Amino acid sequence: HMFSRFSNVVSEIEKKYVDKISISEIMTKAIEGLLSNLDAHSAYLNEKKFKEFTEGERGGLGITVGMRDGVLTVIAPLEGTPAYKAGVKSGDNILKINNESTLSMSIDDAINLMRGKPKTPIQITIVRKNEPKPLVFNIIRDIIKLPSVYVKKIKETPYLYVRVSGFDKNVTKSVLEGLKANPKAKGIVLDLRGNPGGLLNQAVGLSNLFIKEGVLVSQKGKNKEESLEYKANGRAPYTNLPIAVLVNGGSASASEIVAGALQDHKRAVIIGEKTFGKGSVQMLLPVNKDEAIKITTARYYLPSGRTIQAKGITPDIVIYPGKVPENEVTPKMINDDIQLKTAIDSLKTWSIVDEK
Amino acid sequence: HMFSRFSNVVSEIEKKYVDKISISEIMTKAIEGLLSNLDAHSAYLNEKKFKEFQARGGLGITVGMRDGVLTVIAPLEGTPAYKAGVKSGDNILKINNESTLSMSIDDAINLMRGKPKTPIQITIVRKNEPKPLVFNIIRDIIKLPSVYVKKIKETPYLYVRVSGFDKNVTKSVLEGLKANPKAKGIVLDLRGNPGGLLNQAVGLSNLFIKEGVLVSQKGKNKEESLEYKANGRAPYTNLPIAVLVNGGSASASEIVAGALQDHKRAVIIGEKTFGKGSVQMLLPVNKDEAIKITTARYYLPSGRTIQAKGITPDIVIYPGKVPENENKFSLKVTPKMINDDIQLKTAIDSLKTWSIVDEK
Amino acid sequence: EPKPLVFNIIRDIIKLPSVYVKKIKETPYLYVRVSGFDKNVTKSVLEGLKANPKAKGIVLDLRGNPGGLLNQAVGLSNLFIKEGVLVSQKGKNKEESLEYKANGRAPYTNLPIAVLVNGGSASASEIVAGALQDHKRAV
Numbered sequence: 045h046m047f048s049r050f051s052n053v054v055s056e057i058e059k060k061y062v063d064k065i066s067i068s069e070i071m072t073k074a075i076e077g078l079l080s081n082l083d084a085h086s087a088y089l090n091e092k093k094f095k096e097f101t102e103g104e105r106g107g108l109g110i111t112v113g114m115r116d117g118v119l120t121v122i123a124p125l126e127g128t129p130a131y132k133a134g135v136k137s138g139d140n141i142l143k144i145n146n147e148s149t150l151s152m153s154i155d156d157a158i159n160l161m162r163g164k165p166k167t168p169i170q171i172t173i174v175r176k177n178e179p180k181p182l183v184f185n186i187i188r189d190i191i192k193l194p195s196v197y198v199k200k201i202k203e204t205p206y207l208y209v210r211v212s213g214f215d216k217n218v219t220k221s222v223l224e225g226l227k228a229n230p231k232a233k234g235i236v237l238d239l240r241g242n243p244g245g246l247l248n249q250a251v252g253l254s255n256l257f258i259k260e261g262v263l264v265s266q267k268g269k270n271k272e273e274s275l276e277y278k279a280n281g282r283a284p285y286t287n288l289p290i291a292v293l294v295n296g297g298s299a300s301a302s303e304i305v306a307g308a309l310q311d312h313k314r315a316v317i318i319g320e321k322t323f324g325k326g327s328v329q330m331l332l333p334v335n336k337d338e339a340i341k342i343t344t345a346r347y348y349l350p351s352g353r354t355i356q357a358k359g360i361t362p363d364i365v366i367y368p369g370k371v372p373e374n375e418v419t420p421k422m423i424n425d426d427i428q429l430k431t432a433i434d435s436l437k438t439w440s441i442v443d444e445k
Numbered sequence: 045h046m047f048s049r050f051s052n053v054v055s056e057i058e059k060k061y062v063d064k065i066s067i068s069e070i071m072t073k074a075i076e077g078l079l080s081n082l083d084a085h086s087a088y089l090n091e092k093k094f095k096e097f098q099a105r106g107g108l109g110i111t112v113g114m115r116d117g118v119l120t121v122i123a124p125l126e127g128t129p130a131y132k133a134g135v136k137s138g139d140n141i142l143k144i145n146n147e148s149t150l151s152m153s154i155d156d157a158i159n160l161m162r163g164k165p166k167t168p169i170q171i172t173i174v175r176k177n178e179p180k181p182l183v184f185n186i187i188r189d190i191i192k193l194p195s196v197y198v199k200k201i202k203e204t205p206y207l208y209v210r211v212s213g214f215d216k217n218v219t220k221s222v223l224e225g226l227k228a229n230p231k232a233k234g235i236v237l238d239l240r241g242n243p244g245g246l247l248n249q250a251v252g253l254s255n256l257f258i259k260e261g262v263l264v265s266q267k268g269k270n271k272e273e274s275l276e277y278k279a280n281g282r283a284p285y286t287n288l289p290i291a292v293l294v295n296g297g298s299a300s301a302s303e304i305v306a307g308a309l310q311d312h313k314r315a316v317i318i319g320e321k322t323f324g325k326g327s328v329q330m331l332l333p334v335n336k337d338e339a340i341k342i343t344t345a346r347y348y349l350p351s352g353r354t355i356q357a358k359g360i361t362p363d364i365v366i367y368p369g370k371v372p373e374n375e376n377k378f379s380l381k418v419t420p421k422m423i424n425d426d427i428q429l430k431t432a433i434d435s436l437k438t439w440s441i442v443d444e445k
Numbered sequence: 178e179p180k181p182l183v184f185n186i187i188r189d190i191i192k193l194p195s196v197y198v199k200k201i202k203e204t205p206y207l208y209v210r211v212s213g214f215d216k217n218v219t220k221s222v223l224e225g226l227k228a229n230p231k232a233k234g235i236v237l238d239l240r241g242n243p244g245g246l247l248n249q250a251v252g253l254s255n256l257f258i259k260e261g262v263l264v265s266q267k268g269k270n271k272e273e274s275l276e277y278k279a280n281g282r283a284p285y286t287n288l289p290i291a292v293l294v295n296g297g298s299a300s301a302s303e304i305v306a307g308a309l310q311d312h313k314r315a316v
């Protein structure tokens, strides 16, 4: 008799609502309301919209989305996508996708509406923090290769700049060989800004390149039988070399696990802005073949034990982007990127301390 | 197997969800989600928060939802909220420490209701503003002097304002009309009027409409079919009347505006109104829960509904000042104010041609 | 203006196309303009109205009309006034005191009409506008 309060209500809804309503509508709206109210990323695949999920190499817009403070936002436009080329920035609230209001629209619905074939156009209405009126974008989609990792030397300094815009399947291998290719290097600038995340095993593997021992990241929850804890093995190549990590509001998921692991192990300095805070994991629960729900089944926890979604990553050195004031391969860009100049400066003091 | 797909889902949630949740919370958050998705005004009174209906301090704004966001329909004239600078169409973004997204229409009112001395802050977004606006207002009792009539100087007409549909709107208008016998026309200003009780909109309309259906409550069940007529005789059935409406006119203000419009009893001047034609009722879900949902919708004498579209005026005029080719060369009871209000001056212009046409 | 304005202009012949009737789109009304009182104003206005059975109202633009001959002002006004005085020339000599009235043959005694005038309306245009205003025949 405990689930009676639901049967009690649909009786009143059938009779005293202004419109007569089919129970078919009652039930799709039944499952919608519970999923959406509990969790932002908890979305619903319908009685027919299951198989809807041989997709091939489809195209898309190239923005990763999440929901912060109940409203959908762009985590970061992936560098090199038509959305990145269009002028989208991190933290931008999506208000309408193709004149369709994202109000009470789940994260997955927004992703699917922007995904399709590379030639299809798409409109997005957005609200930015410092704009008088909402901004309208007319952009064409594209295929997403995403060249993740390249290592460059910071000229006139012994350091080198390594950028990871996303967690491809080849990030640990490409980063390691990029370091192996530079014996003369005395420091690293690891740019994880604008990286919306990726797969966990490449976040753990990249962090294992710098951490000898200790906890690295863990998935925990009420069921301790389903409580994964990743640690670092003793095979860490670069246990001494300086490293300065850069993060901003576009850093999410995997990039926060490695940045938080380095920060918590006091292995690196974190420069930039407070990150987005995407430390949730969802899971497909198969309601047979007709329906599937997505709900968060676990959360991510750092080597310090702190959770990610509630707070994100607070950097050790806060710096808003912009140009370096003056007085009148990475040269000149250091002046056009004040955050990069700070990460190099934090390495420069490390090289001084190591003079013992 | 009527409820088969709902019990089927919660089974996976109980076992494979990240957090432990009592079935009591699973159901309250289920039914809240059901209530909210069907109707904007459909809100929820809890297992304990029901029969908490006992009584008037507050902020003084009437709120509604049309496109998923809570907005101020119009700040009640003379309230401390009106004093703060609130305007129509402003999205309410934060009431206290709660982002108003997925906060029911009823819940937002409760946070603004309290004792008249307590202060309260509200975060608001306006249509043309770069960053959110912060308003710190103190609550107060709402007396709201609803109706006043003033003579329009240098014209034989008079200006009637109704800021809200008090229990005294038909009486105050009527006595105002008898108190100026030689008046030859009316400017009925319903702008910024977010509504009021239904019977005072019908009674005011009956003050000028001789015959015909006037407004209707209609739902899918025909057992709930109230039909309002002009069952009484109308004292002032001939004198001209020009009604002003804008984006802040809603419900009752639209009912009287549409009734006069549909019967060709008045000219409707201004902008499209807000479009709130629903009425709710307290429904007892046993003793634990109670729901507020729309029990009927309003239909005009023309048969058209009021919620989907509102009222489209006969003459559109956007607000501002009346132009003057030498308005800064001259620069160093309603006279001259007509020059500061282009909408009011147009309603006077339609009365002046009306009084000319009646010269037959 | 702060200083007097100087104009260098070349002259021309003056035909002056006085009357044309146009329909006001998305309304049942029509716009009739009279920039001057040609010898053909009553005839052209009447046939312009005769050409539009579906019309429910008139906008009579007399702005910028500096005047014209009296008989076409009286004739145009007679198109809308059934009876009553229409315009008069008076003075000390009552032997030379002309008074024009309207004959009963007025075609459009019901149809709405809104007249427009400005600082450029003079002479004839004021006789017809004043006649319609005084008879409460137009706005």
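Chains as they are written, first to last, in the authors' numbering: chain A, 45 to 97, 101 to 375, 418 to 445; chain B, 45 to 99, 105 to 381, 418 to 445; chain A', 178 to 316. A prime marks a further copy of an entry chain.
Backbone N, C-alpha and C fix where the C-beta goes; we use that ideal spot for every residue, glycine too.
field: Segments of 4+ residues assigned as alpha helix (DSSP H) that fall wholly inside the stretch 130-214 of chain A
entry: Fully contained in the stretch 130-214 of chain A are the following alpha helix (DSSP H) runs of length 4 or more, in chain order: 154-161.
query: What span of residues does the alpha helix (DSSP H) with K73(A) cover, start to end?
result: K73(A) -> alpha helix (DSSP H) spans 67-82.
- prompt: Whose Cβ in chain B lies nearer than 7 Å to the Cβ of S51(A)?
  reply: Per Cβ cutoff of 7 Å: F47.
Segments of 3+ residues assigned as beta strand (DSSP E) that fall wholly inside the stretch 206-292 of chain A': Taking only runs of at least 3 residues, the beta strand (DSSP E) segments lying wholly in the stretch 206-292 of chain A' are 206-211, 234-238, 262-265, 276-278.
query: Is the beta carbon of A232(B) within less than 7 Å of some heavy atom of the ligand GTP?
result: The ligand GTP is not part of this structure, which contains no ligands at all.
query: In its own chain, which residues sit with a C-beta less than 7 Å from the C-beta of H312(A), not counting the 5 before and 5 after it?
result: Leaving aside the five residues that flank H312(A) on each side, the residues in its chain whose CB is nearer than 7 Å to its CB run, in chain order, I258, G261, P350.
- request: Output the distance between the C-alpha atoms of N287(B) and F214(B), rounded to the nearest integer angstrom.
  value: Just so you know, the alpha carbons of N287(B) and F214(B) end up roughly 23 Å apart.
- prompt: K341(B) bridges to which residues according to DSSP?
  reply: In DSSP, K341(B) forms a bridge with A87(B), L331(B).
Residue of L207(A'), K180(A'), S212(A'), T204(A') minimising C-alpha distance to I191(A'): Ranking the options by Cα distance to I191(A'), first place goes to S212(A').
Straight-line gap, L247(B) to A301(B) (C-alpha atoms, nearest Å): Whole-angstrom Cα-Cα distance: 6 Å.
- request: May I have the straight-line CA-CA distance separating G109(B) from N146(B), to the nearest angstrom?
  value: Taken atom to atom, the span from the alpha-carbon of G109(B) to that of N146(B) is near 20 Å.
task: Would you tell me roughly how many angstroms separate the C-alpha atoms of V316(A') and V222(A'), rounded to the nearest one?
output: Rounded to whole angstroms, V316(A') and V222(A') show a C-alpha spacing of 18 Å.
message: Is there a C-beta anywhere in chain A' that falls below 8 Å from the one on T361(B)?
response: So, not an interface residue.
message: Three Cβ pairs or more, each shorter than 8 Å: is that satisfied between the stretch 291-301 of chain B and the stretch 50-58 of chain B?
response: Taking 8 Å as the limit for Cβ pairs, the verdict is that the stretch 50-58 of chain B does not touch the stretch 291-301 of chain B.
field: Spatial neighbours of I355(B) in its chain, beta-carbon cut-off 6 Å, leaving aside the 5 residues before and after
entry: So the list reads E303, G326, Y347, once near-sequence residues are dropped.
query: So what does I317(B) bridge to, in DSSP terms?
result: According to DSSP, which records beta bridges pairwise, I317(B) is partnered with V292(B).
- request: Locate the beta strand (DSSP E) running through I122(A), then write down its first and last residues.
  value: Counted as a single uninterrupted DSSP element, the beta strand (DSSP E) harbouring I122(A) occupies residues 118-124.
Inter-residue spacing [alpha-carbon to alpha-carbon] between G106(B) and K164(B): Near 5 Å, if we compare the C-alpha coordinates of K164(B) and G106(B).
- request: Output yes or no for whether 8 Å exceeds the beta carbon distance between residue 143(A') and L263(A').
  value: Residue 143(A') lies beyond the range of chain A' shown here (178 to 316); nothing can be said about it.
query: Under a three-way DSSP split, which group does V371(A) fall into?
result: The three-state reading of DSSP puts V371(A) in coil, since its state is none of H, G, I, E or B.
query: Three or more beta-carbon pairs under 8 Å between the stretch 135-152 of chain B and the stretch 224-236 of chain B, yes or no?
result: Taking 8 Å as the limit for Cβ pairs, the verdict is that the stretch 224-236 of chain B does not touch the stretch 135-152 of chain B.
task: Could you please tell me which residues of the stretch 255-274 of chain A, in chain order, have their CB closer than 7 Å to any CB of chain B?
output: Taking 7 Å as the Cβ-Cβ cut-off, the stretch 255-274 of chain A approaches chain B at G268, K269, given in chain order.
field: Short CB-CB distance (under 8 Å) between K313(A') and chain B
entry: Cβ-Cβ to chain B under 8 Å: yes for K313(A').
- request: Indicate whether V292(A) and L239(A) have their beta-carbon atoms separated by less than 8 Å.
  value: Taking 8 Å as the Cβ cut-off, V292(A) and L239(A) qualify as a contacting pair.
- request: With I110(A) as the anchor, note down where its beta strand (DSSP E) starts and where it stops.
  value: Where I110(A) is concerned, the enclosing beta strand (DSSP E) stretches over 110-115.
task: Leaving aside the five residues before and after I427(A) along the sequence, list all residues of the same chain whose C-beta is less than 7 Å from its C-beta, in chain order.
output: Within the same chain, and ignoring the five residues on either side of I427(A) in sequence, the residues whose Cβ sits closer than 7 Å to its Cβ are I366, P368, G369, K370, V371.
message: Is the beta carbon of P362(B) closer than 8 Å to that of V305(B)?
response: Not in contact: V305(B) and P362(B) (Cβ atoms no closer than 8 Å).
- request: Spell out the partners DSSP gives residue 387(A) in its beta bridges.
  value: Residue numbering in chain A jumps from 375 to 418; residue 387(A), which lies between, is not modelled.
- prompt: Could you check where the alpha helix (DSSP H) with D425(B) kicks off and where it finishes?
  reply: Per DSSP, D425(B) belongs to the alpha helix (DSSP H) from 422-425.
- prompt: Mapping DSSP to helix, strand and coil, what is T419(A)?
  reply: In the structure shown, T419(A) sits in coil (DSSP, three-state: anything other than H, G, I, E or B).
query: Is the number of C-beta pairs between the stretch 59-76 of chain A and the stretch 267-278 of chain B that are closer than 8 Å three or more?
result: Judged by Cβ distances under 8 Å, the stretch 59-76 of chain A makes contact with the stretch 267-278 of chain B, as three or more pairs qualify.
query: If we count Cβ pairs, one from each stretch, closer than 8 Å, do we get three or more for the stretch 200-209 of chain B versus the stretch 173-180 of chain B?
result: Between the stretch 200-209 of chain B and the stretch 173-180 of chain B there are fewer than three C-beta pairs closer than 8 Å, too few to call the two in contact.
task: Report the option in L253(B), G268(B), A99(B) whose CA atom is closest to the CA atom of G281(B).
output: It is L253(B) whose Cα lies nearest to the Cα of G281(B).
- request: Anything in chain B within Cβ reach of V316(A'), meaning under 7 Å, just list it in chain order.
  value: Against chain B, the beta carbon of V316(A') has neighbours under 7 Å at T438, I441, listed in chain order.
- request: Between the Cα of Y285(B) and those of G225(B), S151(B), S86(B), spot the shortest distance and give me the residue it belongs to.
  value: Residue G225(B) is the option with its Cα nearest to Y285(B).
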